file my_file.txt (compact mmCIF, C-alpha atoms and all ligand atoms)
# COMPACT_ATOMS: atom_id res chain seq x y z
CA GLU V 4 31.50 14.88 0.05
CA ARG V 5 28.01 15.17 1.54
CA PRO V 6 25.90 18.29 2.07
CA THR V 7 25.91 20.31 5.27
CA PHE V 8 23.54 19.09 7.95
CA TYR V 9 22.03 21.11 10.73
CA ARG V 10 20.82 19.71 14.03
CA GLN V 11 17.58 20.80 15.65
CA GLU V 12 15.26 19.42 18.33
CA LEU V 13 11.57 19.21 17.54
CA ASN V 14 9.00 17.72 19.91
CA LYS V 15 11.70 15.93 21.89
CA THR V 16 13.32 14.47 18.76
CA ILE V 17 16.67 15.45 17.28
CA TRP V 18 16.68 15.93 13.54
CA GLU V 19 19.92 16.16 11.65
CA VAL V 20 19.06 17.10 8.08
CA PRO V 21 20.81 18.80 5.12
CA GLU V 22 20.28 22.54 4.73
CA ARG V 23 18.11 22.01 1.65
CA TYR V 24 15.29 21.02 3.98
CA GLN V 25 13.87 24.14 5.60
CA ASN V 26 10.97 25.08 7.85
CA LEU V 27 10.53 21.64 9.40
CA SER V 28 7.29 21.19 11.32
CA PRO V 29 5.74 18.01 12.78
CA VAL V 30 3.02 16.43 10.65
CA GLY V 31 2.34 13.38 12.76
CA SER V 32 4.37 10.24 13.42
CA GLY V 33 3.92 6.55 14.09
CA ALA V 34 5.38 3.74 16.15
CA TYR V 35 7.20 3.16 12.85
CA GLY V 36 8.37 6.67 11.95
CA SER V 37 8.43 10.30 13.11
CA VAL V 38 7.35 12.68 10.33
CA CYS V 39 8.08 16.35 9.72
CA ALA V 40 6.91 18.50 6.84
CA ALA V 41 9.40 20.86 5.17
CA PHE V 42 10.30 22.84 2.12
CA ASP V 43 12.97 21.31 -0.06
CA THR V 44 14.91 24.18 -1.61
CA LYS V 45 16.53 21.88 -4.16
CA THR V 46 13.31 20.78 -5.88
CA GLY V 47 10.80 23.41 -4.81
CA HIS V 48 8.40 20.83 -3.41
CA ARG V 49 6.95 20.63 0.04
CA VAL V 50 8.13 17.25 1.32
CA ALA V 51 7.45 14.75 4.04
CA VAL V 52 10.62 13.71 5.85
CA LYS V 53 10.43 10.59 8.05
CA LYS V 54 13.08 9.76 10.64
CA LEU V 55 12.90 6.01 11.23
CA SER V 56 12.68 5.19 14.97
CA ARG V 57 14.96 2.27 15.74
CA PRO V 58 15.87 1.08 12.24
CA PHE V 59 18.38 -1.56 13.42
CA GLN V 60 17.33 -2.50 16.97
CA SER V 61 16.54 -6.03 15.87
CA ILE V 62 17.01 -8.25 12.85
CA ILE V 63 13.30 -7.88 12.06
CA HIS V 64 13.52 -4.12 12.30
CA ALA V 65 16.88 -4.07 10.53
CA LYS V 66 15.36 -6.23 7.82
CA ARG V 67 12.11 -4.23 7.64
CA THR V 68 14.16 -1.04 7.40
CA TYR V 69 16.16 -2.64 4.60
CA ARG V 70 13.01 -3.90 2.87
CA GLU V 71 11.32 -0.50 3.01
CA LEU V 72 14.32 1.28 1.50
CA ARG V 73 14.67 -1.21 -1.37
CA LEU V 74 10.93 -1.02 -2.03
CA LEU V 75 10.82 2.78 -1.94
CA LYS V 76 14.01 3.03 -4.01
CA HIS V 77 12.42 0.82 -6.69
CA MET V 78 8.99 2.45 -7.04
CA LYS V 79 9.05 4.87 -9.96
CA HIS V 80 5.44 5.33 -11.08
CA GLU V 81 3.26 8.43 -10.83
CA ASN V 82 0.52 6.44 -9.10
CA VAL V 83 2.90 4.94 -6.58
CA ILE V 84 4.77 6.65 -3.73
CA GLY V 85 8.31 7.60 -4.73
CA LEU V 86 11.57 8.32 -2.90
CA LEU V 87 12.75 11.89 -3.43
CA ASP V 88 15.82 11.38 -1.26
CA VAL V 89 17.23 9.23 1.54
CA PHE V 90 20.00 10.32 3.90
CA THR V 91 21.89 9.85 7.15
CA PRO V 92 24.02 12.37 9.07
CA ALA V 93 26.41 9.43 9.58
CA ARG V 94 29.85 10.08 8.20
CA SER V 95 30.63 6.35 8.16
CA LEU V 96 29.08 2.89 8.59
CA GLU V 97 30.80 2.94 11.99
CA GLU V 98 28.49 5.73 13.04
CA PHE V 99 25.58 4.80 10.78
CA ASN V 100 22.39 4.56 12.79
CA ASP V 101 19.77 7.04 11.58
CA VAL V 102 17.81 6.80 8.35
CA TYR V 103 15.67 9.66 7.01
CA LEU V 104 13.31 9.19 4.06
CA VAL V 105 11.92 11.98 1.92
CA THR V 106 8.90 12.02 -0.36
CA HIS V 107 6.31 14.44 -1.68
CA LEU V 108 4.17 15.80 1.11
CA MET V 109 0.65 14.43 0.73
CA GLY V 110 -2.34 16.40 1.97
CA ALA V 111 -5.45 14.23 2.01
CA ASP V 112 -6.18 10.58 1.40
CA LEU V 113 -9.13 8.84 -0.21
CA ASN V 114 -11.17 9.05 2.99
CA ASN V 115 -11.09 12.82 2.92
CA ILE V 116 -13.13 12.37 -0.25
CA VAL V 117 -15.32 9.24 -0.01
CA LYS V 118 -16.50 9.95 3.52
CA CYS V 119 -18.29 13.01 2.08
CA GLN V 120 -20.82 11.04 0.01
CA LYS V 121 -21.12 8.84 -3.05
CA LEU V 122 -18.96 9.97 -5.95
CA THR V 123 -19.77 10.72 -9.59
CA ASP V 124 -19.16 7.79 -11.94
CA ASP V 125 -16.56 9.91 -13.71
CA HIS V 126 -14.66 10.38 -10.46
CA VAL V 127 -14.92 6.70 -9.50
CA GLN V 128 -13.70 5.86 -12.99
CA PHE V 129 -10.69 8.14 -12.72
CA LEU V 130 -9.76 7.24 -9.15
CA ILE V 131 -10.05 3.48 -9.70
CA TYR V 132 -8.23 3.75 -13.03
CA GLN V 133 -5.26 5.27 -11.22
CA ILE V 134 -5.27 2.64 -8.48
CA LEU V 135 -5.22 -0.12 -11.10
CA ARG V 136 -2.59 1.61 -13.23
CA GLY V 137 -0.21 1.78 -10.26
CA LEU V 138 -1.19 -1.76 -9.22
CA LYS V 139 -0.37 -3.05 -12.67
CA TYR V 140 3.07 -1.48 -12.15
CA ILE V 141 3.45 -2.79 -8.58
CA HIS V 142 2.32 -6.31 -9.55
CA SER V 143 4.51 -6.36 -12.64
CA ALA V 144 7.51 -6.22 -10.25
CA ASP V 145 6.01 -9.14 -8.32
CA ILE V 146 5.14 -7.00 -5.32
CA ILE V 147 1.94 -7.54 -3.35
CA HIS V 148 0.64 -4.50 -1.51
CA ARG V 149 -1.43 -6.50 0.99
CA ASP V 150 -2.91 -3.36 2.62
CA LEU V 151 -4.83 -1.39 0.00
CA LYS V 152 -7.45 0.81 1.69
CA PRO V 153 -8.63 4.46 1.43
CA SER V 154 -6.30 5.68 4.14
CA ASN V 155 -3.37 4.41 2.03
CA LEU V 156 -4.37 6.28 -1.09
CA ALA V 157 -3.19 9.88 -1.30
CA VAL V 158 -5.41 12.12 -3.38
CA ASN V 159 -4.89 15.72 -4.40
CA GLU V 160 -7.29 18.53 -5.38
CA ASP V 161 -7.21 17.32 -8.99
CA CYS V 162 -8.15 13.76 -7.99
CA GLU V 163 -4.62 12.55 -8.77
CA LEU V 164 -3.91 9.42 -6.71
CA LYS V 165 -0.78 7.76 -5.28
CA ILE V 166 -0.54 4.39 -3.58
CA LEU V 167 1.49 4.32 -0.39
CA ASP V 168 2.01 2.45 2.88
CA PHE V 169 3.00 -0.80 1.19
CA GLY V 170 1.89 -3.72 3.33
CA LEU V 171 5.06 -5.82 3.31
CA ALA V 172 7.11 -5.18 6.48
CA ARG V 173 4.21 -4.38 8.82
CA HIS V 174 2.20 -7.04 10.69
CA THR V 175 -1.00 -5.45 12.10
CA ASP V 176 -2.00 -8.17 14.61
CA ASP V 177 -4.56 -7.44 17.36
CA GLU V 178 -5.30 -4.44 15.10
CA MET V 179 -7.38 -6.65 12.83
CA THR V 180 -9.65 -7.41 15.79
CA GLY V 181 -13.23 -6.17 16.02
CA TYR V 182 -15.03 -3.47 14.06
CA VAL V 183 -11.85 -2.14 12.35
CA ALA V 184 -11.41 -0.48 8.93
CA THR V 185 -8.00 -2.12 8.75
CA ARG V 186 -9.71 -5.48 8.00
CA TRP V 187 -12.69 -4.41 5.91
CA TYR V 188 -10.67 -4.30 2.69
CA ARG V 189 -8.88 -7.64 3.24
CA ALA V 190 -9.43 -10.61 0.92
CA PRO V 191 -11.13 -13.53 2.73
CA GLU V 192 -8.28 -15.96 1.97
CA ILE V 193 -5.72 -13.71 3.62
CA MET V 194 -8.10 -12.63 6.39
CA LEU V 195 -8.68 -16.17 7.60
CA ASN V 196 -5.47 -17.54 6.11
CA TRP V 197 -7.23 -20.08 3.93
CA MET V 198 -4.33 -20.56 1.54
CA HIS V 199 -1.17 -18.84 0.36
CA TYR V 200 -2.33 -15.53 -1.11
CA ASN V 201 -1.53 -14.15 -4.55
CA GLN V 202 -1.45 -10.68 -6.12
CA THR V 203 -5.19 -10.62 -6.60
CA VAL V 204 -5.67 -10.09 -2.87
CA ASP V 205 -5.05 -6.49 -3.92
CA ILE V 206 -7.74 -6.69 -6.60
CA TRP V 207 -10.23 -7.75 -3.94
CA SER V 208 -9.23 -4.59 -2.02
CA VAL V 209 -9.81 -2.39 -5.08
CA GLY V 210 -13.25 -3.92 -5.37
CA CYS V 211 -14.20 -2.92 -1.83
CA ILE V 212 -12.88 0.58 -2.47
CA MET V 213 -14.64 0.97 -5.81
CA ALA V 214 -18.01 -0.11 -4.27
CA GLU V 215 -17.56 2.26 -1.34
CA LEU V 216 -16.88 5.12 -3.74
CA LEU V 217 -20.10 4.31 -5.59
CA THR V 218 -22.40 3.85 -2.60
CA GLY V 219 -20.59 5.93 -0.04
CA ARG V 220 -20.66 3.00 2.42
CA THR V 221 -18.11 0.43 3.49
CA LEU V 222 -18.86 -2.79 1.58
CA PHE V 223 -18.02 -5.34 4.31
CA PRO V 224 -17.99 -3.54 7.71
CA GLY V 225 -17.72 -6.68 9.77
CA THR V 226 -17.60 -6.45 13.54
CA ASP V 227 -15.02 -9.27 13.52
CA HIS V 228 -13.38 -11.81 11.20
CA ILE V 229 -16.40 -14.17 11.09
CA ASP V 230 -19.09 -11.50 10.93
CA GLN V 231 -17.10 -10.03 8.02
CA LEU V 232 -16.72 -13.37 6.31
CA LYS V 233 -20.48 -13.76 6.49
CA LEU V 234 -21.11 -10.36 4.93
CA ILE V 235 -18.77 -11.38 2.10
CA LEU V 236 -20.32 -14.80 1.42
CA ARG V 237 -23.79 -13.30 1.52
CA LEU V 238 -22.90 -11.19 -1.50
CA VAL V 239 -20.41 -13.43 -3.28
CA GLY V 240 -21.89 -16.83 -2.38
CA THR V 241 -20.41 -19.68 -0.33
CA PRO V 242 -17.39 -21.55 -1.77
CA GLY V 243 -17.64 -24.41 -4.23
CA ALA V 244 -15.76 -27.68 -4.28
CA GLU V 245 -13.20 -26.24 -6.68
CA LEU V 246 -12.30 -23.50 -4.19
CA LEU V 247 -12.77 -25.69 -1.13
CA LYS V 248 -10.08 -27.98 -2.53
CA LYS V 249 -7.66 -25.06 -2.54
CA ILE V 250 -8.11 -24.12 1.13
CA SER V 251 -5.10 -25.74 2.81
CA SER V 252 -6.44 -25.96 6.38
CA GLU V 253 -8.73 -28.85 7.12
CA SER V 254 -10.20 -26.65 9.87
CA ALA V 255 -10.97 -23.75 7.55
CA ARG V 256 -12.57 -26.18 5.08
CA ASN V 257 -14.51 -27.77 7.93
CA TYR V 258 -15.68 -24.40 9.18
CA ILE V 259 -16.72 -23.28 5.70
CA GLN V 260 -18.69 -26.51 5.17
CA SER V 261 -20.65 -25.78 8.31
CA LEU V 262 -22.17 -22.70 6.71
CA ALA V 263 -25.52 -23.03 4.93
CA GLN V 264 -24.72 -22.52 1.26
CA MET V 265 -25.68 -19.28 -0.51
CA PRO V 266 -25.75 -18.28 -4.18
CA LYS V 267 -24.05 -15.17 -5.52
CA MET V 268 -26.28 -12.13 -5.19
CA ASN V 269 -27.37 -9.93 -8.08
CA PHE V 270 -24.87 -7.01 -8.05
CA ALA V 271 -27.22 -4.70 -10.00
CA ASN V 272 -29.68 -5.16 -7.15
CA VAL V 273 -26.91 -4.36 -4.67
CA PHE V 274 -25.31 -1.35 -6.36
CA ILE V 275 -28.64 0.12 -7.36
CA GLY V 276 -28.37 2.80 -9.99
CA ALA V 277 -24.74 2.22 -10.86
CA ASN V 278 -23.27 2.29 -14.37
CA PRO V 279 -23.70 -1.35 -15.53
CA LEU V 280 -20.02 -1.31 -16.56
CA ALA V 281 -19.05 -0.47 -12.99
CA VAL V 282 -21.27 -3.30 -11.75
CA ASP V 283 -19.76 -5.69 -14.28
CA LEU V 284 -16.22 -4.76 -13.27
CA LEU V 285 -17.09 -5.19 -9.57
CA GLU V 286 -18.21 -8.72 -10.35
CA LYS V 287 -14.83 -9.56 -11.93
CA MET V 288 -12.95 -8.15 -8.94
CA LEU V 289 -15.10 -9.46 -6.06
CA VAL V 290 -14.64 -13.16 -6.90
CA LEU V 291 -14.23 -15.54 -3.98
CA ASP V 292 -11.68 -17.77 -5.75
CA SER V 293 -8.54 -15.65 -5.98
CA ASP V 294 -7.54 -17.70 -9.02
CA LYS V 295 -10.51 -16.39 -11.00
CA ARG V 296 -10.24 -12.75 -9.97
CA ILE V 297 -9.50 -10.19 -12.69
CA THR V 298 -5.91 -8.82 -12.93
CA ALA V 299 -4.91 -5.18 -12.72
CA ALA V 300 -3.69 -5.36 -16.33
CA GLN V 301 -6.96 -6.92 -17.44
CA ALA V 302 -9.08 -4.44 -15.46
CA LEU V 303 -7.45 -1.41 -17.10
CA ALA V 304 -8.68 -2.88 -20.38
CA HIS V 305 -12.25 -3.12 -19.08
CA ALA V 306 -14.73 -0.87 -20.91
CA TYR V 307 -15.44 1.09 -17.72
CA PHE V 308 -12.12 2.95 -18.17
CA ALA V 309 -12.48 3.50 -21.93
CA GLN V 310 -12.21 7.24 -21.26
CA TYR V 311 -8.82 6.80 -19.61
CA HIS V 312 -7.29 3.56 -20.84
CA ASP V 313 -4.12 3.98 -22.90
CA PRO V 314 -2.06 0.78 -23.23
CA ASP V 315 0.97 2.80 -24.25
CA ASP V 316 0.76 4.78 -21.01
CA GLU V 317 0.39 2.16 -18.29
CA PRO V 318 3.99 1.09 -17.69
CA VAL V 319 5.32 -1.91 -15.82
CA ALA V 320 8.29 -2.02 -13.47
CA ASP V 321 11.90 -3.00 -13.84
CA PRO V 322 12.70 -6.42 -12.40
CA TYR V 323 12.62 -6.34 -8.59
CA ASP V 324 15.21 -8.55 -6.89
CA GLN V 325 13.64 -9.83 -3.64
CA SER V 326 16.13 -12.66 -3.08
CA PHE V 327 17.19 -10.92 0.15
CA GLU V 328 13.88 -11.93 1.66
CA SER V 329 15.33 -15.43 2.09
CA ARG V 330 18.81 -14.20 3.02
CA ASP V 331 19.61 -14.92 6.64
CA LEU V 332 21.80 -12.15 8.02
CA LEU V 333 22.82 -10.46 11.24
CA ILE V 334 21.47 -7.10 12.36
CA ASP V 335 24.83 -5.66 11.40
CA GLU V 336 24.58 -7.28 7.97
CA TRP V 337 21.20 -5.68 7.26
CA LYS V 338 22.54 -2.40 8.63
CA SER V 339 25.42 -2.44 6.15
CA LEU V 340 23.21 -3.40 3.18
CA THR V 341 20.94 -0.57 4.29
CA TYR V 342 23.89 1.84 4.45
CA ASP V 343 24.97 0.86 0.94
CA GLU V 344 21.46 1.55 -0.24
CA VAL V 345 21.49 4.97 1.44
CA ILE V 346 24.92 5.81 0.09
CA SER V 347 24.10 4.67 -3.43
CA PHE V 348 20.81 6.56 -3.78
CA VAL V 349 20.41 8.40 -7.08
CA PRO V 350 17.71 11.07 -7.07
CA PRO V 351 15.03 11.30 -9.78
CA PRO V 352 15.75 14.18 -12.20
CA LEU V 353 14.10 17.61 -12.11
CA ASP V 354 13.47 19.98 -15.07
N1 LIG B 1 2.27 14.01 5.09
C1 LIG B 1 2.84 12.96 4.56
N2 LIG B 1 3.05 13.01 3.25
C2 LIG B 1 3.64 11.95 2.65
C3 LIG B 1 4.02 10.79 3.39
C4 LIG B 1 3.75 10.83 4.82
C5 LIG B 1 4.09 9.71 5.70
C6 LIG B 1 5.33 8.86 5.69
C7 LIG B 1 6.45 8.85 4.80
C8 LIG B 1 6.66 7.81 3.84
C9 LIG B 1 7.79 7.83 2.99
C10 LIG B 1 8.73 8.89 3.09
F1 LIG B 1 9.82 8.91 2.27
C11 LIG B 1 8.54 9.93 4.03
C12 LIG B 1 7.42 9.91 4.88
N3 LIG B 1 5.33 8.04 6.83
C13 LIG B 1 4.18 8.43 7.44
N4 LIG B 1 3.34 9.41 6.91
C14 LIG B 1 2.14 10.06 7.59
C15 LIG B 1 2.14 9.93 9.14
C16 LIG B 1 3.09 10.85 9.93
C17 LIG B 1 1.59 11.10 9.97
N5 LIG B 1 3.15 11.95 5.36

call {"tool": "encode", "arguments": {"input": "my_file.txt", "output": "structure tokens"}}
result
Amino acid sequence: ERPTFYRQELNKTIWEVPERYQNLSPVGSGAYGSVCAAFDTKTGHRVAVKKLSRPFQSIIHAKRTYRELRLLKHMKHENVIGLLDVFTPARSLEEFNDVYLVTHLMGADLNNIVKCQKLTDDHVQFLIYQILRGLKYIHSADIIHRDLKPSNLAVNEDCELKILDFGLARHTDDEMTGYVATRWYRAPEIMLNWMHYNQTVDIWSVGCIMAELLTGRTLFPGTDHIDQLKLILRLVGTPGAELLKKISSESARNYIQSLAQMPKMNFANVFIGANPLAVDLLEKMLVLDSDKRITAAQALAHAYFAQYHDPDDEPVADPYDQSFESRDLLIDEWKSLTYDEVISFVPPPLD
């Protein structure tokens, strides 16, 4: 027996939500999901409720919808976005078509903080520590964010950070073109599709964010893919034979070999005036060869986070079954798996 829902039209959208959600008011929306803010009388939190657009209009959308629910249902870390509730007014799979997702309402992101100037080393420490702590958790479940950037990091008045907007599911093509922030935090190997990318593509992203927090400037603000690749190599140095061997495209390798070689620059002469520990860490993160990049787990142990590092308080995730990613099903099959996931949702406890 479900709760009582109440219909209501907001900005030309019908929202059927349980009574517990009161004072709904638009807070934006995307081509992916319409979002309303509201007070959840059950928990006492202000929440963000998203009504997915056309969750099952296609197999890709049906699958993406399914993937997002599984992902959100699995994330249970204080530095990662959680699912407070998921629901559908649908009384049966027969009528199942709408999916609403609820999470803590987030005010500002990392931009509404960096964009104001450089940050104190203590703040960069804390903010990066949290990104890596959640990343350790995300990576431990064999999940790759793929889209870490300031606009995807929620930050509150007490500098408490949460990672959201998981990459997987979205494919930002023609949005990675030109002078766009969406590409400035992308690892070179994934940006030019040099090889199959690993979890450290996320570590490269943290590096760009850390640097930007220290200097107050974007690290690689390329006007396009190539301009950006040049900015990167100028700092990091051109690839060696070891790395070249790993680039699977003969064209990419050919292109790369056309570039005059460059040595790695001196980071202390780049991040002038920065805590040497921050500079050191940045060197372990901003490594061209993804194989030799530092891991989230290893970074947390770095001496730069001595003030915050606590091995007993940097949990990993429960196993995350992604076998469905290979599963080949019909729209209706994804829809039903999705409905099971909605139906089976167990909310996180209160206190
Ligand atoms: N204010 C605010 N706070 C938190 C999350 C979001 C959020 C969610 C989103 C993601 C997961 C959910 F469960 C609900 C909503 N989807 C998009 N946005 C922001 C876009 C709407 C402006 N917006």

call {"tool": "axis_aligned_box", "arguments": {"input": "my_file.txt", "around": "segment 152-169 of chain V", "padding_each_side": "5 Å", "output": "lines of an AutoDock Vina configuration file"}}
result
center_x = -2.8
center_y = 8.9
center_z = -2.4
size_x = 21.6
size_y = 29.3
size_z = 23.1

call {"tool": "closest_residue", "arguments": {"input": "my_file.txt", "among": "V:283, V:215, V:253, V:292", "to": "residue 190 of chain V", "atoms": "only C-alpha atoms"}}
result
V:292

call {"tool": "closest_residue", "arguments": {"input": "my_file.txt", "among": "V:216, V:232, V:238, V:38", "to": "residue 128 of chain V", "atoms": "only C-alpha atoms"}}
result
V:216

call {"tool": "closest_residue", "arguments": {"input": "my_file.txt", "among": "V:206, V:255, V:213, V:249", "to": "residue 229 of chain V", "atoms": "all atoms listed in the file"}}
result
V:255

call {"tool": "atom_distance", "arguments": {"input": "my_file.txt", "atom1": "atom CA of residue 125 of chain V", "atom2": "atom CA of residue 317 of chain V"}}
result
19.2 Å

call {"tool": "closest_residue", "arguments": {"input": "my_file.txt", "among": "V:261, V:56, V:221, V:196", "to": "ligand LIG 1 (chain B)", "atoms": "all atoms listed in the file"}}
result
V:56

call {"tool": "closest_residue", "arguments": {"input": "my_file.txt", "among": "V:83, V:332, V:291, V:134", "to": "ligand LIG 1 (chain B)", "atoms": "all atoms listed in the file"}}
result
V:83

call {"tool": "atom_distance", "arguments": {"input": "my_file.txt", "atom1": "atom CA of residue 220 of chain V", "atom2": "atom CA of residue 140 of chain V"}}
result
28.2 Å

call {"tool": "closest_atom_pairs", "arguments": {"input": "my_file.txt", "of": "chain V", "to": "ligand LIG 1 (chain B)", "cutoff": "6 Å", "atoms": "only C-alpha atoms and all ligand atoms", "output": "JSON lines"}}
result
{"residue": "V:30", "atom": "CA", "partner": "B:LIG1", "partner_atom": "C17", "distance": 5.6}
{"residue": "V:31", "atom": "CA", "partner": "B:LIG1", "partner_atom": "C17", "distance": 3.7}
{"residue": "V:32", "atom": "CA", "partner": "B:LIG1", "partner_atom": "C16", "distance": 3.8}
{"residue": "V:38", "atom": "CA", "partner": "B:LIG1", "partner_atom": "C16", "distance": 4.7}
{"residue": "V:51", "atom": "CA", "partner": "B:LIG1", "partner_atom": "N2", "distance": 4.8}
{"residue": "V:52", "atom": "CA", "partner": "B:LIG1", "partner_atom": "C11", "distance": 4.7}
{"residue": "V:53", "atom": "CA", "partner": "B:LIG1", "partner_atom": "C12", "distance": 4.4}
{"residue": "V:86", "atom": "CA", "partner": "B:LIG1", "partner_atom": "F1", "distance": 5.5}
{"residue": "V:104", "atom": "CA", "partner": "B:LIG1", "partner_atom": "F1", "distance": 3.9}
{"residue": "V:105", "atom": "CA", "partner": "B:LIG1", "partner_atom": "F1", "distance": 3.7}
{"residue": "V:106", "atom": "CA", "partner": "B:LIG1", "partner_atom": "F1", "distance": 4.2}
{"residue": "V:107", "atom": "CA", "partner": "B:LIG1", "partner_atom": "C2", "distance": 5.7}
{"residue": "V:108", "atom": "CA", "partner": "B:LIG1", "partner_atom": "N2", "distance": 3.7}
{"residue": "V:109", "atom": "CA", "partner": "B:LIG1", "partner_atom": "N2", "distance": 3.8}

call {"tool": "closest_residue", "arguments": {"input": "my_file.txt", "among": "V:80, V:174, V:233, V:94", "to": "residue 137 of chain V", "atoms": "all atoms listed in the file"}}
result
V:80

call {"tool": "residues_around", "arguments": {"input": "my_file.txt", "residues": "residue 93 of chain V", "least_positions_apart": "2", "cutoff": "12 Å", "atoms": "only C-alpha atoms", "output": "MDAnalysis selection string"}}
result
chainID V and resid 5:8 19:21 90:91 95:103 342 345:346

call {"tool": "residues_near_point", "arguments": {"input": "my_file.txt", "point": "(15.1, 12.2, -12.2)", "cutoff": "12 Å", "atoms": "all atoms listed in the file", "output": "PDB file with C-alpha atoms, keeping the file's coordinate frame"}}
result
ATOM      1  CA  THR V  46      13.310  20.780  -5.880  1.00  0.00           C
ATOM      2  CA  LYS V  79       9.050   4.870  -9.960  1.00  0.00           C
ATOM      3  CA  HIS V  80       5.440   5.330 -11.080  1.00  0.00           C
ATOM      4  CA  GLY V  85       8.310   7.600  -4.730  1.00  0.00           C
ATOM      5  CA  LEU V  86      11.570   8.320  -2.900  1.00  0.00           C
ATOM      6  CA  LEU V  87      12.750  11.890  -3.430  1.00  0.00           C
ATOM      7  CA  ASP V  88      15.820  11.380  -1.260  1.00  0.00           C
ATOM      8  CA  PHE V 348      20.810   6.560  -3.780  1.00  0.00           C
ATOM      9  CA  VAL V 349      20.410   8.400  -7.080  1.00  0.00           C
ATOM     10  CA  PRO V 350      17.710  11.070  -7.070  1.00  0.00           C
ATOM     11  CA  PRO V 351      15.030  11.300  -9.780  1.00  0.00           C
ATOM     12  CA  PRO V 352      15.750  14.180 -12.200  1.00  0.00           C
ATOM     13  CA  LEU V 353      14.100  17.610 -12.110  1.00  0.00           C
ATOM     14  CA  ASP V 354      13.470  19.980 -15.070  1.00  0.00           C
TER      15      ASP V 354
END

call {"tool": "residues_around", "arguments": {"input": "my_file.txt", "residues": "residue 284 of chain V", "least_positions_apart": "6", "cutoff": "9 Å", "atoms": "all atoms listed in the file", "output": "MDAnalysis selection string"}}
result
chainID V and resid 210 297 302 305:307

call {"tool": "atom_distance", "arguments": {"input": "my_file.txt", "atom1": "atom CA of residue 295 of chain V", "atom2": "atom CA of residue 250 of chain V"}}
result
14.6 Å

call {"tool": "residues_around", "arguments": {"input": "my_file.txt", "residues": "residue 208 of chain V", "least_positions_apart": "2", "cutoff": "7 Å", "atoms": "only C-alpha atoms", "output": "VMD selection string"}}
result
chain V and resid 151 to 152 188 to 190 204 to 206 210 to 212

call {"tool": "residues_around", "arguments": {"input": "my_file.txt", "residues": "residue 26 of chain V", "least_positions_apart": "3", "cutoff": "10 Å", "atoms": "all atoms listed in the file", "output": "PyMOL selection string"}}
result
chain V and resi 23+39-43+49

call {"tool": "residues_around", "arguments": {"input": "my_file.txt", "residues": "residue 218 of chain V", "least_positions_apart": "6", "cutoff": "8 Å", "atoms": "only C-alpha atoms", "output": "list in words"}}
result
residues 120, 121, 122 and 274 of chain V

call {"tool": "write_last_selection", "arguments": {"input": "my_file.txt", "atoms": "C-alpha atoms", "output": "PDB file, keeping the file's coordinate frame"}}
result
ATOM      1  CA  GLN V 120     -20.820  11.040   0.010  1.00  0.00           C
ATOM      2  CA  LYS V 121     -21.120   8.840  -3.050  1.00  0.00           C
ATOM      3  CA  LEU V 122     -18.960   9.970  -5.950  1.00  0.00           C
ATOM      4  CA  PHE V 274     -25.310  -1.350  -6.360  1.00  0.00           C
TER       5      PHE V 274
END

call {"tool": "residues_near_point", "arguments": {"input": "my_file.txt", "point": "(-3.3, -12.8, -6.2)", "cutoff": "8 Å", "atoms": "all atoms listed in the file", "output": "ChimeraX atom specification"}}
result
/V:147,200-206,293-294,296
